[PDB]
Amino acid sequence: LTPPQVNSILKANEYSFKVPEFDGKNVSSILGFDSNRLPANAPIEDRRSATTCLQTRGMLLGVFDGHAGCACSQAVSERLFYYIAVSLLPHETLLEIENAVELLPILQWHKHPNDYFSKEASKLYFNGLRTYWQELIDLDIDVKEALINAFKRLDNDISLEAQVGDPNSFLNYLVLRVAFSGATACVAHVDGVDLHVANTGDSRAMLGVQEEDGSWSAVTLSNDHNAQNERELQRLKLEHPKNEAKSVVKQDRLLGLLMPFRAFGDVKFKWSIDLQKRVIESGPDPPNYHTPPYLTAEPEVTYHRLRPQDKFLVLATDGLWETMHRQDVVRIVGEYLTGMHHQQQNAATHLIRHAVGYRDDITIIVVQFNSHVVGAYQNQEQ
């Protein structure tokens, strides 16, 4: 945990992806992205994921801040994008996909060799998903609404999976670990010039905008869900009786315990007392709890149309934002990419080196846009 040891961790977790510039006439509004992570906890609790939709034009990128363990953050890391993917899929594909089980490409991951996929849950997670697309097949797509549904579906699927557990003892223990741990989620969906950010928690998305003079401007694409968010404090007090205004949030924490006011997992703040107690009798592993449903995983979605002036997007957990002001981040990234960080290797690594040179896991994804392509898209609007 000395500078050297930290350096070695950075190189070891460093990831970089460049979009296939190929002249066959390609559309990527993304030049590529960089990502890195610094652990502060034994198994780090933060996760990072990135993927291109094989059936849909877009690309999915996200960061996940776990707590009370890595179980939930690991799970949502590898499951959420599939629920989002399926959720954006048209009826015919859903069809040929179901009618395909009784197998086709949905997503293509861009994963560091270090990150992984759950071992024994591929069957379970798969069926969970199947059931979801079957429901969609039961019944024009709005990306914002697809994100909210995809998010809420996975959280609800995690809850009942914990309730039915699978006989294998390991599998049963895993669905519980996942459901009793928690995780933040800040996802960006990029389809051409359309940028959607779905946020759940205190991780955050920031757009790097370069002014006509060359100076850098940061524009927030997500609101952190915590005590520092008065609209979130008003929403919490409103979701419960008036007598509870004095206890929903006690110290700046939800019910006096949780910092993030939205998250996946953490079912200790969602389930009824009896549901909790009963489930608890299987597998040897809150204050003013009056009107039980207190935490949601439902994201806040914001839309942004990319323009030539928008150079990059940085997704990161609060591990980053607790060390630097929002504009310094953008300034630092902007100059690095602009090659002026020396005036007077990997963008994610560079930034984390600034954030550190710490008291929480730090994960960052820096996405760089192709201003020529983005400009191209714009010229065929206007």
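Residue numbers here begin at 1 and follow the sequence given.
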* Structure fact -> Going from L139 to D140, the deposited residues skipped in the model number 4 to 9
* **Chain break class for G357 to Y358, judged by how many deposited residues have no coordinates** => 10 or more
* What stretch has the higher average Cα B-factor here, 289-297 or 89-97? -> 89-97
* Asked: Looking only at CA atoms, which has the higher mean B factor in the entry: 126-134 or 252-260?
  -> 126-134
* Most elevated Cα B-factor in the entry, residues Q74, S217, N168, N223 -> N168
* Structure fact -> Reading the B-factor column for Cα atoms of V197, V267, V178, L238, the highest value belongs to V178
* Considering only modelled residues of the same chain, in which third does the CA B-factor of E120 rank: lowest, middle or highest? -> highest
* Among all modelled residues of this chain, ranked by Cα B factor, put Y173 in the bottom, middle or top third, i.e. lowest, middle or highest. => highest
* CA B-factor placement of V19, once the chain's modelled residues are sorted into thirds -> highest
* Compared with the other modelled residues in the chain, in which third is the CA B-factor of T349? -> lowest
* To do: Pull the Cα B-factor of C53 out of the PDB entry and bin it into the chain's lowest, middle or highest third.
  => highest
